[PDB]
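[1] Partial complex here, more coming in a sec:
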Amino acid sequence: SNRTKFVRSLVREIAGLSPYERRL
Amino acid sequence: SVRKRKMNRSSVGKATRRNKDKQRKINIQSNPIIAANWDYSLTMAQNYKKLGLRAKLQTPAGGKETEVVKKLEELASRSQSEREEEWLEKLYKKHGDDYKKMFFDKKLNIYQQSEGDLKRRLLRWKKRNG
Amino acid sequence: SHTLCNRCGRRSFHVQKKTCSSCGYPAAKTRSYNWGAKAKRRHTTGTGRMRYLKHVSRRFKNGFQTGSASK
Amino acid sequence: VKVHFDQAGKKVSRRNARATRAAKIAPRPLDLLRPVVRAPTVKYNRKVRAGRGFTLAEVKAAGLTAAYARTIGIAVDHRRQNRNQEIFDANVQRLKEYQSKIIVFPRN
């Protein structure tokens, strides 16, 4: 679903990167 | 038990209930035709066969239409609101049978009913009244 | 050592411990154990008057009806 | 150690329950029409047996809906698929016979 993908991208941009993700 | 002995010794008396015989006897309570023809002397399967009906649809385990006519004979035994009628009459007077024109009536077709619904309602009104 | 107990009167109320070894007074629960089969029987329901439990069975038989006979 | 002394008692109780159901369910046969099923486990695949309920495709091919079929005494199972034309045809024929033999009283 396009709406679900958009919501996921919005949440990804809002939440930033996790502490373990920041290591990348 | 202690309670049973106390109850037996007590003068209150037992609340006797005799219903063993009533377990064997069951009266039909879902059909008037069957009740008149049903015979409690025979079993469920025997009664169904006597009436001419099937008591089981699947192959039963273990070894094994004078009445159905009455059941078949037993098989042979909405309008519009006043405001709805007035609304239909208004549109009929304003547009007659012009369904397409009636559809676009902004101040009489308050509810945007389809052409099919409008024509069906008008036909029902005509049949009921004229 | 022991004294009369208000709940049971079994004369098993410890003076120093201020508790009854038989019925468990003042504990809300009544002391009882499975291994004490004879003890349970001695204090099982029905050993007393059963002022209210007696009429429950009779009342149920009538469906807990209320009112009076129509004569 | 349990001894089935009640075997006769259990049978009598089951018969009494069936009689009570018949008294309440006199007009109906107490059973829902079941489809024919071919078993897995080739040791038993040769044996055909009754199933839980007819598939949605079979009910549709029988000229009735599952919701209406249930009220007429037809078991419906939406979990079973269809992969055999012979079984589908047999189930359709059984449903057609059931529809042609059932009598429904008016709701009026």
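    That came through, no problem. Residues are numbered from 1 along each chain as shown, chains lettered A, B, ... in the order given.
[2] And the helices in the chain?
    Looking at chain A here, since you left the chain open. For chain A, the helices defined by DSSP state H cover A:2-15.
[3] That was the other one, I meant chain C.
    In chain C, the helices defined using DSSP H lie at C:37-43, C:53-61.
[4] now the last one, how far from the centre of its chain.
    In terms of C-alpha atoms, centre = their mean, to the nearest Å, the centre of helix C:53-61 is found 18 Å from the chain centre.
[5] got the helices of chain C as JSON lines, with distance to chain D and mean neighbour count columns?
    Where C-beta positions appear, they are placed from N, C-alpha and C, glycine not excepted. Formatted as JSON lines, the helices of chain C follow (distance: least, C-beta to the nearest C-beta, whole Å; neighbours: other C-beta atoms under 10 Å in any protein chain shown):
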{"stretch": "helix C:37-43", "distance to chain D": "21", "mean neighbour count": "12"}
{"stretch": "helix C:53-61", "distance to chain D": "22", "mean neighbour count": "12"}
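[6] May I see those helices arranged in a markdown table, with distance to residue B:68 as well?
    Formatted as a markdown table, those follow (distance: least, C-beta to C-beta, whole Å):
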| stretch | distance to residue B:68 |
| --- | --- |
| helix C:37-43 | 64 |
| helix C:53-61 | 44 |
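[7] what about residue C:23, how many neighbours?
    Neighbour count of residue C:23, defined by other C-beta atoms under 10 Å in any protein chain shown: 21.
[8] can you tell me which residues contact it?
    When contacts are counted by C-beta atoms under 8 Å, 6 or more residues apart in numbering or on different chains, residue C:23 touches C:5, C:7-8, C:10, C:12, C:30-31, C:43.
[9] Distance of residue A:3 relative to residue A:10?
    10 Å (C-beta to C-beta, to the nearest Å).
[10] So for the two, which sits in the more crowded spot?
    Neighbour count, other C-beta under 10 Å: between residue A:3 and residue A:10, residue A:10 has more, with 10 against 7.
[11] Now do the more buried one against residue A:22, distance only.
    20 Å.
[12] ok, back up a step: with the contacts of residue C:23 in mind, which one is nearest to residue D:62?
    Nearest to residue D:62 among these is residue C:30, at 65.6 Å by C-beta to C-beta.
[13] please slot chain E in as well:
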Amino acid sequence: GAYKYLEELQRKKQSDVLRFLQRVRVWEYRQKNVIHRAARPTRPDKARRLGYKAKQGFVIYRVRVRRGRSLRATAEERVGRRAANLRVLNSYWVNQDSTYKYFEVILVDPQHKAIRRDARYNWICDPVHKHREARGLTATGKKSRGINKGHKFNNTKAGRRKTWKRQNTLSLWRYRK
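    Putting chain E together with the chains above:
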């Protein structure tokens, strides 16, 4: 709906925003009693998907349990013991730290006429549902009981004690087989 956004945000549990929210909320709760009445849930999406509804009859309680009988089971038992007149339906995790773990439990009062007349919720008013957490009938209790389908739960599909009794009994018919 917004609840999808809430669920997606809650998916990234280790986000710096959720970290700040959790560390603020745990500190705020640290100044309150172990068990206290909650005005409203802090995770509306989780409660809503768990069956909670904002109507007269529902109650939200927050309980703190020592870290290290699961923690959720202990919380449910404690709230049921304290809320004797209410029935525990479900609970969800809301916070954790190095010392304590916090869970939120939603309760429904069967005495309120709103629940009694609610066709979708009056089922809990039956006496057989008394103290669901006590018998492990809650979601956490059932999960801890191993109740599920498949080979992975054959020995605990329905009753770990029942199977032992069944396999230890000696069934003898009137006519020996």
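[14] contacting residues around stretch E:19-36?
    Outside of stretch E:19-36, the residues within contact range by C-beta under 8 Å, 6+ apart are E:42, E:61-64, E:78-79, E:82, E:94-97, E:100, E:102.
[15] Could you rerun that using 10 Å?
    In this structure, residues lying in contact with stretch E:19-36 by C-beta atoms under 10 Å, 6 or more residues apart in numbering or on different chains are A:18-19, E:13-15, E:38, E:42, E:61-66, E:75, E:78-79, E:81-83, E:94-97, E:99-102, E:105.
[16] So among those residues, which ones count as buried?
    Neighbour-count burial (16 or more other C-beta atoms under 10 Å in any protein chain shown) applied to the contacts of stretch E:19-36 gives E:15, E:38, E:42, E:61-65, E:75, E:78-79, E:83, E:94-95, E:100-102, E:105.
[17] So which of those residues belong to helices?
    Using DSSP H, the members of those that fall in helices are E:75, E:78-79.
[18] Dump the strand or helix carrying residue E:45 to PDB, keeping only the CA atoms.
    Using DSSP states H and E, the element containing residue E:45 is helix E:44-49. C-alpha atoms of helix E:44-49 as PDB (Å, rounded to 0.1, in the frame of the first residue of the first chain):
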ATOM      1  CA  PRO E  44      -4.000   4.500  23.000                       C
ATOM      2  CA  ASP E  45      -3.300   2.300  20.000                       C
ATOM      3  CA  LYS E  46      -2.200  -0.700  22.000                       C
ATOM      4  CA  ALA E  47      -5.200  -0.400  24.400                       C
ATOM      5  CA  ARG E  48      -7.600   0.000  21.500                       C
ATOM      6  CA  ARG E  49      -6.300  -3.000  19.700                       C
END
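[19] Only the buried residues of that helix, if you could.
    Buried residues in helix E:44-49, counting neighbours by 16+ other C-beta under 10 Å, are found at E:45-47.
[20] Is it positioned near chain A?
    No: judged by C-beta under 10 Å from any C-beta of the partner chain, helix E:44-49 stays clear of chain A, getting no closer than 12.9 Å.
[21] Would you point out which residue is most central in chain B?
    Using C-alpha atoms, centre = their mean, the residue of chain B that lies closest to the mean C-alpha position is residue B:30, 12.2 Å off.
[22] can you add chain F next? sequence is:
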Amino acid sequence: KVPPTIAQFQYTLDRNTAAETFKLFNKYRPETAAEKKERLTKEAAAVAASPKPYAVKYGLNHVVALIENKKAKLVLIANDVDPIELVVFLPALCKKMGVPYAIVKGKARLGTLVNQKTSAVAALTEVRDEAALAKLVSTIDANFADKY
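    Take a look at chain F, now in place beside the chains above:
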């Protein structure tokens, strides 16, 4: 000192523009329970063709349904919602959809104009007065988005 996604609140519309927005919103107060009940009773008595009503949209779920459809023109967001996660993403959603948004202090103040004790958000879709709404939107943009 908090993550940038937080502390976007505490920067809010100024007193003058906030008062102007509240005055504009008060015009479209939804018919309260008593007013709607009495109007419906009057209509029934008269019965015993209609213009579309205009009112503010305040339900968070309803507003979010209107948001992302690009129908909402101006949305007010309370900065004191206890479940902050309910409103952390709303400004970003509005920015992505290009819908102007304004953070107004006090959920109670936001709800006082919609006949409710509290209201997390409020949004306008239809208007009576379009020039006033456009001017208010431009002022809010220039005073909030271009500054913070």
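[23] Please re-evaluate the neighbour count of residue C:23 in the presence of chain F.
    Using other C-beta under 10 Å, residue C:23 has 21 other residues around it.
[24] should've said residue D:58
    For residue D:58, the neighbour count with other C-beta under 10 Å is 25.
[25] Would you quantify the distance from it to residue D:48?
    Using C-beta to C-beta, residue D:58 is found at 15 Å from residue D:48.
[26] ok, now residue F:75?
    Distance from residue F:75 to residue D:48, by C-beta to C-beta: 65 Å.
[27] Which one's more surrounded, the two?
    Ranked by neighbour count (other C-beta under 10 Å), residue F:75 and residue D:48 place residue F:75 first, with 24 against 13.
[28] buried stuff in stretch F:44-58?
    F:56-58.
[29] Near chain D, which residues of chain B are found?
    By C-beta under 10 Å from any C-beta, the residues of chain B that approach chain D are B:23-31, B:33-35, B:38, B:40, B:43-45, B:47-48, B:51, B:53-60, B:68, B:71-72, B:74-77.
[30] how about a cut-off of 8 Å?
    Contact residues, chain B versus chain D (C-beta under 8 Å from any C-beta of the partner chain): B:23-24, B:26-31, B:34, B:38, B:44, B:48, B:53-59, B:68, B:71-72, B:74-75, B:77.
[31] OK, contacts around the residue nearest to the spatial centre of chain C?
    In chain C, the residue lying closest to the centroid (C-alpha atoms, centre = their mean) is residue C:45, at 6.0 Å. Each residue near residue C:45 by C-beta under 8 Å, 6+ apart is listed here: B:2-3, C:53.
[32] and the closest residue to chain F within chain A, how far is that from chain E?
    Taking C-beta to the nearest C-beta, chain F has its nearest neighbour within chain A at residue A:14, 5.4 Å off. The spacing between residue A:14 and chain E, counted by C-beta to the nearest C-beta, to the nearest Å, is 7 Å.
[33] and the residue nearest to residue B:39 when sequence neighbours are not counted, how many residues sit next to it?
    Setting aside the residues directly before and after it, residue B:39 is nearest to residue B:47 in space (C-beta to C-beta, 6 or more residues apart in numbering or on different chains), at 6.1 Å. By other C-beta under 10 Å, the residues close to residue B:47 number 21.
[34] chain center to the helix or strand containing residue F:96: distance?
    Per DSSP H and E, residue F:96 falls inside helix F:90-97. For helix F:90-97, the separation from the chain centroid amounts to 14 Å (computed by C-alpha atoms, centre = their mean).
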